[PDB]
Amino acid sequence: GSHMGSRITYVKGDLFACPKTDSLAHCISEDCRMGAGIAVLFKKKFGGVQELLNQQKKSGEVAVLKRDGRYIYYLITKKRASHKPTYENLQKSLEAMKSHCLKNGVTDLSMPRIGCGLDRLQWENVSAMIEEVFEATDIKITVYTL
């Protein structure tokens, strides 16, 4: 291989205390309601709700805001807010995020345990998926944990 991979490391604490220059990621629905969970913090901090809606992204895609020189990734993992995501759509969204990272100079990415709270996925599976998606990159990933 030609890459060092994600080299996931874990930090106990609030995601929003991570470096302001890191790009961030979390999961939402096509509705872009962001009414519960960590999504409400992304909504309140970064805004841009209509700018997200205007991107008209679908399940398995990623919507993106540029905020202070870095990117905020909204992984569109399901159609409606009340639905649960499939692992297949999560993987697609992650791949789309990776593609954007590589097209836009992202080297340092932070995220919570995506999919594994309100969306009821298991971190055993999600963690392995993130690792595989980012294996052939040199994007360093940090996961913030509670």
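Residue indices: 1-based, along the sequence shown.
Between 57-65 and 28-36, the higher mean Cα B-factor belongs to 28-36. For the pair 86-94 and 41-49, the record assigns the higher mean C-alpha temperature factor to 86-94.
Considering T107, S99, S110, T77 together, the PDB entry gives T77 the largest C-alpha B factor.
Split the chain's modelled residues into thirds by C-alpha temperature factor. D22 is in the lowest one. In the deposited entry, the Cα temperature factor of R70 sits in the bottom third of values across the chain's modelled residues. Remark: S2 belongs to the highest third of its chain, ranked by C-alpha B-factor as recorded.
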